[PDB]
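Here we start with a single chain on its own, the form deposited without guanosine-5'-diphosphate (GDP), put down as C-alpha cells.
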C-alpha cells in the first residue's frame, strides 16, 4: 500500500473509534437499538440485484457448495430439526448436498436417521476428522493449558472445535471439492422462504461471506487475541484491505469495557453458528497465514479463542467489507438471538414464528447486539440499498 494509506489504517487500528468519555454507553445503546429497529422494521423481501437464480433455472443448484454440519452422534435429533427447517425454507427448492463432519466415527443409525428425513435424491456425505486435525497439538503445553483452564472456571473438545472451525474444517477432504459452505448447527430455526440460490447470489455479486447476526463477545475468552492480531498485521501490512471493516473492530461506544479489556477490539463478530462462506477466502494466504500465527500463539488452548472472533477479525482486516453480506432476508434463530425481518403486508414469505425485529426476549442482552455498528460503519453504499 501507499505508505500514507497504510499509515492511516494503522492509526485507526491503534485508537478507539470514539474518544474516551465523549459518549454515554446508555445513549449509544438506545441510538443503536433505534438504528437496528429502522432496518428490521423496513419491509423487505429479497436482494435487489439483477442476477438472482431461481429454482429450476439452469444455474440453480450448480454452485460448488454444501451445507456443512459439525456434529456428534447424540446431536442427531437437533440437527434433524435444523435440517428440516433449512429444507422447508430454502434447500427443498435447490437441492444442495449436506456434508457432516464428526471428530468421532459416525454410527450407521446417525446416517440412516439423517437419510430418512431427506429426499431420496438428496446427497449427504459423512466424514470423520483425523485425530491430528482435531486434537490439541504437541506445540501446546498441557499443564499450562490445565492451569489456565482451572483459572478460567474447560472441555478440551470445545477448544478443539473452536480451532477446528477457525482453521481446519475447510481442509477436510470432503470439502476439497467445494467453493461454498452454508454452516448449519443443531437446534436452529429458519423463518422465511428464500427463493433464490444463495451460493449463486454470493458468486454473482462477489460476496465472500454472509451472516445474519452480529454480536459482542465475552472479552475474557479472547484476552490477547486482538493484541497478537495487531502484531501479525504490523508484520504483514500487505494483507490489509483498504476497505476493511476497521471501524466495526474499534467501536468502543456501546461496550467500552469490552474494548478496554482487549486493549483495542470491540469484540464484535459475526455469529458463526450461521455462516455462508466462500472457502477461497479461508484458503487464501492472508487467512492461512493468520491461522498459522494464532496456532503458534496457542490462544486456542491457553485462552478460549472462538472461531467467531477469529473468522471475524480475518474478514474485517483482510477483505473489503463490501464483500461481506448481511442476509437480512434469512429469518433465523439460535438461542438466544433472532434475526426476524419484516415483510410487506400481503406476503407469506415468513412463517410468522418470529416477531419482526425482536432480537432477543431478554432485554439485558440487547447490549450484546453489534448490528448497529455494522449498519452505521460497515455497510457499503450497495449493501445499504440492497434490500
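Numbering follows the first chain given and starts at 1.
Keep in mind that the form deposited with guanosine-5'-diphosphate (GDP) bound is not shown, yet the notes after this line are about it.
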Would residue 145 sit within 4.5 Å of guanosine-5'-diphosphate (GDP) in the bound PDB entry, counting heavy atoms only?
no
Is residue 277 part of the interface with guanosine-5'-diphosphate (GDP) in the bound PDB entry - any heavy atom within 4.5 Å?
no
Just checking whether residue 97 would be counted as a contact of guanosine-5'-diphosphate (GDP) in the bound PDB entry - the rule being heavy atoms within 4.5 angstroms.
no
Using the partner position in the bound PDB entry, report whether residue 262 sits within 4.5 Å of guanosine-5'-diphosphate (GDP), counting heavy atoms only.
no
Sort through 251 to 259, 111 to 119, 69 to 77, 201 to 209 and report the only stretch with a non-hydrogen atom within 4.5 Å of guanosine-5'-diphosphate (GDP) in the bound PDB entry.
69 to 77
State the residue from 295, 185, 303, 89 whose non-hydrogen atoms include one within 4.5 Å of guanosine-5'-diphosphate (GDP) in the bound PDB entry.
185
Using heavy atoms only and a 4.5 Å cut-off, determine which of 247, 161, 240, 291 is in contact with guanosine-5'-diphosphate (GDP) in the bound PDB entry.
161
